[PDB]
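Q: This is my_file14.tsv (TSV, C-alpha atoms).
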```tsv
chain	number	residue	atom	x	y	z
A	1	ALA	CA	-12.86	-33.94	-17.06
A	2	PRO	CA	-13.50	-36.18	-14.03
A	3	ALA	CA	-11.03	-36.19	-11.13
A	4	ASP	CA	-9.88	-39.77	-11.76
A	5	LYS	CA	-8.98	-39.28	-15.43
A	6	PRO	CA	-5.22	-39.67	-14.81
A	7	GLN	CA	-5.83	-42.99	-13.03
A	8	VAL	CA	-8.24	-44.21	-15.72
A	9	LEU	CA	-5.66	-43.37	-18.38
A	10	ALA	CA	-3.01	-45.30	-16.43
A	11	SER	CA	-5.37	-48.28	-16.10
A	12	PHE	CA	-5.87	-48.40	-19.89
A	13	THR	CA	-2.14	-48.33	-20.60
A	14	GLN	CA	-0.53	-51.14	-18.59
A	15	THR	CA	1.18	-54.17	-20.16
A	16	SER	CA	-1.21	-56.64	-18.53
A	17	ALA	CA	-3.98	-58.53	-20.30
A	18	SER	CA	-6.52	-57.03	-17.88
A	19	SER	CA	-5.49	-53.50	-18.92
A	20	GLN	CA	-5.86	-54.39	-22.60
A	21	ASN	CA	-9.22	-56.04	-21.90
A	22	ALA	CA	-10.44	-52.97	-20.05
A	23	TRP	CA	-9.35	-50.74	-22.92
A	24	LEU	CA	-10.95	-52.99	-25.52
A	25	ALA	CA	-14.32	-52.75	-23.75
A	26	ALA	CA	-13.98	-48.95	-23.58
A	27	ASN	CA	-13.01	-48.79	-27.26
A	28	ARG	CA	-16.26	-50.61	-28.10
A	29	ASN	CA	-18.20	-48.23	-25.86
A	30	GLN	CA	-16.36	-44.93	-26.39
A	31	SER	CA	-19.52	-42.88	-25.83
A	32	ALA	CA	-19.82	-44.25	-22.29
A	33	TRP	CA	-16.46	-42.55	-21.65
A	34	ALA	CA	-17.41	-39.19	-23.18
A	35	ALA	CA	-17.01	-37.42	-19.83
A	36	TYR	CA	-13.26	-38.06	-20.00
A	37	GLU	CA	-12.78	-36.43	-23.40
A	38	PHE	CA	-10.11	-38.91	-24.45
A	39	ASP	CA	-8.51	-38.69	-27.89
A	40	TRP	CA	-9.89	-41.81	-29.61
A	41	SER	CA	-8.23	-41.15	-32.97
A	42	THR	CA	-5.97	-43.84	-34.45
A	43	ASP	CA	-4.26	-44.66	-37.75
A	44	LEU	CA	-4.26	-48.34	-36.79
A	45	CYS	CA	-1.03	-49.88	-38.16
A	46	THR	CA	-0.80	-47.72	-41.31
A	47	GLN	CA	2.32	-45.95	-40.02
A	48	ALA	CA	3.95	-49.20	-38.91
A	49	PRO	CA	6.53	-51.34	-40.77
A	50	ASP	CA	5.54	-54.02	-43.27
A	51	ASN	CA	3.46	-56.99	-42.11
A	52	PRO	CA	4.13	-59.59	-44.87
A	53	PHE	CA	2.21	-62.41	-43.19
A	54	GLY	CA	-0.74	-60.22	-42.24
A	55	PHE	CA	-0.96	-60.82	-38.50
A	56	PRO	CA	-3.95	-58.93	-36.95
A	57	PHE	CA	-2.13	-56.19	-35.02
A	58	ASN	CA	-4.61	-53.35	-35.66
A	59	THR	CA	-5.97	-53.35	-32.09
A	60	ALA	CA	-2.43	-53.43	-30.70
A	61	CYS	CA	-1.65	-50.37	-32.80
A	62	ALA	CA	-4.90	-48.66	-31.76
A	63	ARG	CA	-4.17	-48.94	-28.03
A	64	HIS	CA	-0.62	-47.70	-28.67
A	65	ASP	CA	-2.04	-44.66	-30.49
A	66	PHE	CA	-4.39	-44.10	-27.58
A	67	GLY	CA	-1.51	-44.13	-25.10
A	68	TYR	CA	0.72	-41.81	-27.15
A	69	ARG	CA	-1.97	-39.27	-28.05
A	70	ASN	CA	-3.51	-39.01	-24.60
A	71	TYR	CA	-0.24	-38.82	-22.69
A	72	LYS	CA	0.95	-36.16	-25.10
A	73	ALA	CA	-2.32	-34.29	-24.43
A	74	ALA	CA	-1.62	-34.48	-20.69
A	75	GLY	CA	1.90	-33.15	-21.21
A	76	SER	CA	3.52	-36.21	-19.62
A	77	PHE	CA	4.64	-38.23	-22.66
A	78	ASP	CA	8.40	-38.75	-22.12
A	79	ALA	CA	7.95	-40.51	-18.76
A	80	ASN	CA	5.25	-42.89	-20.03
A	81	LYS	CA	6.59	-43.66	-23.52
A	82	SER	CA	8.48	-46.77	-22.38
A	83	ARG	CA	5.49	-48.48	-20.78
A	84	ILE	CA	3.25	-47.64	-23.74
A	85	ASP	CA	5.81	-49.11	-26.14
A	86	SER	CA	6.10	-52.21	-23.95
A	87	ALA	CA	2.32	-52.63	-23.70
A	88	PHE	CA	2.22	-52.46	-27.51
A	89	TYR	CA	4.78	-55.29	-27.70
A	90	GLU	CA	2.84	-57.38	-25.16
A	91	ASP	CA	-0.43	-56.86	-27.07
A	92	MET	CA	1.22	-58.12	-30.25
A	93	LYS	CA	2.80	-61.08	-28.45
A	94	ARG	CA	-0.65	-62.09	-27.20
A	95	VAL	CA	-1.74	-62.35	-30.84
A	96	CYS	CA	1.26	-64.55	-31.61
A	97	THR	CA	0.46	-67.15	-28.93
A	98	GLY	CA	-2.37	-68.23	-31.21
A	99	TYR	CA	0.16	-69.67	-33.65
A	100	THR	CA	2.64	-72.55	-33.46
A	101	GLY	CA	5.86	-73.48	-35.23
A	102	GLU	CA	7.23	-71.18	-37.91
A	103	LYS	CA	4.16	-68.93	-37.77
A	104	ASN	CA	4.68	-68.32	-34.08
A	105	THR	CA	8.32	-67.38	-34.69
A	106	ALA	CA	7.41	-65.19	-37.69
A	107	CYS	CA	4.68	-63.50	-35.67
A	108	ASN	CA	7.02	-62.77	-32.77
A	109	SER	CA	9.62	-61.47	-35.25
A	110	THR	CA	7.12	-59.03	-36.78
A	111	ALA	CA	6.01	-57.97	-33.29
A	112	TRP	CA	9.64	-57.25	-32.42
A	113	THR	CA	10.13	-55.24	-35.61
A	114	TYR	CA	7.07	-53.12	-34.87
A	115	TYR	CA	8.24	-52.56	-31.29
A	116	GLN	CA	11.76	-51.60	-32.36
A	117	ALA	CA	10.37	-49.13	-34.91
A	118	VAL	CA	8.77	-47.07	-32.12
A	119	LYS	CA	11.52	-47.73	-29.56
A	120	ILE	CA	13.94	-45.98	-31.93
A	121	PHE	CA	12.33	-42.64	-31.06
A	122	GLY	CA	13.31	-42.93	-27.40
```
Can you turn what I pasted into structure tokens?

A:
Amino acid sequence: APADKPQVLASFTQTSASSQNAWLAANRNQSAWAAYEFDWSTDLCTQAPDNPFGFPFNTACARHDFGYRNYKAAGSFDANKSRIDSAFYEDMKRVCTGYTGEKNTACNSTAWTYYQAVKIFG
């Protein structure tokens, strides 16, 4: 793979909106990133806790899968797990800002539950 793969992987897995935006563009153009041989497989939120109100967290889950799978492939998972989990939480919170009142609180509560369900592993 290219020499800057570790840096590209870091850039796609930060908690910032710009990192998520960069990853989203790559996700839509995976073939353009073929040289990097990233693991683009994801189960979306199928292995996550219940989502009774149906908030659209699929993309949040997808980027979290990307972070986990690729850092595990690089053999440096334990040291990056925290940031990946946090980025996941931030991605979900971004979704929630689109709601007000009860919905906003319910959305943030579901986001917290999802985050805690992965944080339990370490």

Q: For a quick check of understanding, using only C-alpha atoms, which of A:72, A:8, A:56, A:82 has the smallest distance to residue 99 (chain A)?

A: A:56

Q: From the set A:105, A:90, A:1, A:113, which residue has the shortest atom-to-atom contact distance to residue 18 (chain A), counting all atoms listed in the file?

A: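 Looking at the shortest contact to residue 18 (chain A), the residue is A:90.
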
Q: Fewer than 2 positions away in the same chain doesn't count, so skip those; otherwise give me all residues within 12 Å of residue 86 (chain A), counting all atoms listed in the file, as a ChimeraX atom specification.

A: /A:13-16,60-61,63-64,67,80-84,88-93,111-112,114-116,118-119

Q: Could you state the separation of CA of residue 109 (chain A) and CA of residue 44 (chain A) in Å, given to one decimal place?

A: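 These atoms are spaced 19.2 Å apart.
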
Q: Residues at most 9 Å from residue 40 (chain A), counting all atoms listed in the file, excluding those fewer than 2 positions away in the same chain, as a PyMOL selection string?

A: chain A and resi 27+30+37-38+42+62+65-66+69-70

Q: Output C-alpha atoms of each residue in that selection to a file, as a PDB file, keeping the file's coordinate frame.

A:
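File produced: result_20.pdb:
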```
ATOM      1  CA  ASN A  27     -13.010 -48.790 -27.260  1.00  0.00           C
ATOM      2  CA  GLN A  30     -16.360 -44.930 -26.390  1.00  0.00           C
ATOM      3  CA  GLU A  37     -12.780 -36.430 -23.400  1.00  0.00           C
ATOM      4  CA  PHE A  38     -10.110 -38.910 -24.450  1.00  0.00           C
ATOM      5  CA  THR A  42      -5.970 -43.840 -34.450  1.00  0.00           C
ATOM      6  CA  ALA A  62      -4.900 -48.660 -31.760  1.00  0.00           C
ATOM      7  CA  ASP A  65      -2.040 -44.660 -30.490  1.00  0.00           C
ATOM      8  CA  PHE A  66      -4.390 -44.100 -27.580  1.00  0.00           C
ATOM      9  CA  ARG A  69      -1.970 -39.270 -28.050  1.00  0.00           C
ATOM     10  CA  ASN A  70      -3.510 -39.010 -24.600  1.00  0.00           C
TER      11      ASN A  70
END
```

Q: Could you please determine the separation between CA of residue 12 (chain A) and CA of residue 117 (chain A) in Å, to one decimal place?

A: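 Those two atoms sit 22.1 Å apart.
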
Q: What is the distance between CA of residue 75 (chain A) and CA of residue 5 (chain A), in Å to one decimal?

A: 13.8 Å

Q: With distances taken over only C-alpha atoms, which of A:120, A:24, A:107, A:32 is nearest to residue 55 (chain A)?

A: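 Checking each of A:120, A:24, A:107, A:32 against residue 55 (chain A), counting only C-alpha atoms, the winner is A:107.
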
Q: Quick one: of A:43, A:48, A:3, A:10, who's nearest to residue 22 (chain A), counting only C-alpha atoms?

A: A:10
